[PDB]
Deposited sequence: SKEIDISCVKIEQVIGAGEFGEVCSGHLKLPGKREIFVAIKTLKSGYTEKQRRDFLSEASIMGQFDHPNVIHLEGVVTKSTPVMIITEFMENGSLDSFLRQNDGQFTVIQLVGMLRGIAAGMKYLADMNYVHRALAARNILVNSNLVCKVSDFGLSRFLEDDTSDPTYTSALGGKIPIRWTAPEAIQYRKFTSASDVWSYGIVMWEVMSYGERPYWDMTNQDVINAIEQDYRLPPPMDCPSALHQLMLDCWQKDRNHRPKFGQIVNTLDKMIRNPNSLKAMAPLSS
């Protein structure tokens, strides 16, 4: 969205590597507004016109959104070099790697909290008529308070049967993906279907196989997963319902006691 003048940006250091260039952290001080810490995606020089457009497309997409569970876009730098995409800063980075570094360090209530935010963000996106198509733990960022937000607006084992076979992507297929994500979270970053091959995964799902309950996962959360993994997309829950279901679990914590 908004075009930012390089004079307002002061890069601090490298915090990650994107496919289009380095990812940094830094300060943003717009005229009048108060300085803030941000994340800065840069484009490697010598880029092709296609690379430039694809890179900036990500900003155009997320720029059209605005929700606490969707990565906030501060703006972009295109008039001068390097080209940049400034966004919200998420100290804990990617959710999957984040969970791997904290194996079994959270309560069911915390995990459910993370899943609720992701659900709220997807509910928002669905209402805005946006189909992510690539929902997965690696595409969700987490901050200090553990708030998870959907990212990557620029994967067999994560995709619904129909989407894989007929390339039919809908919010419904995102619900299936959300199911896999729920598994990833309760598994603390474990890879879905483990070392199974992508083809094995396809044949397994065909044979009505479904990922088992992750360790210490309440039977109520695994059932919600199954619902998300229903062969018939029309039967899968809506993100709105997924949210309410999660909310009900928060009301009466004893509903998560049945292991």
Walk along the deposited sequence from position 1 and note every stretch that has no C-alpha coordinates. 155 to 176, 282 to 286
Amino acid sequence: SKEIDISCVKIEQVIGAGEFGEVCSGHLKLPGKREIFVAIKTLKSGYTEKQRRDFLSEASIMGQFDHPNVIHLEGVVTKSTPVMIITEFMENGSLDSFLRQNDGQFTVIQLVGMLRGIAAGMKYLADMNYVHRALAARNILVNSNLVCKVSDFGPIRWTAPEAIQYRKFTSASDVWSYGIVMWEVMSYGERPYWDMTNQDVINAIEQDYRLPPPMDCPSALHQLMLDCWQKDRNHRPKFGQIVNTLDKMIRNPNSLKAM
From here on, numbers count along this sequence of modelled residues.
Taking the deposited Cα B-factors and averaging over 177 to 185 and over 123 to 131, the higher mean is found in 123 to 131
Mean CA B-factor: is it higher for 204 to 212 or for 29 to 37? 29 to 37
By the entry's C-alpha temperature factors, tell me which of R53, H67, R191, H222 sits highest. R53
Of the three thirds of Cα B-factor ranks in this chain, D103 occupies the highest
Chain third (lowest, middle, highest) by recorded CA B-factor, residue given as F169: middle
Of the three thirds of its chain by CA temperature factor, lowest, middle or highest, which one includes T81? highest
Among the modelled residues of its chain, the C-alpha B-factor of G75 falls in the third labelled lowest
Taking the entry's C-alpha B-factors for this chain, is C217 in the lowest, middle or highest third? middle
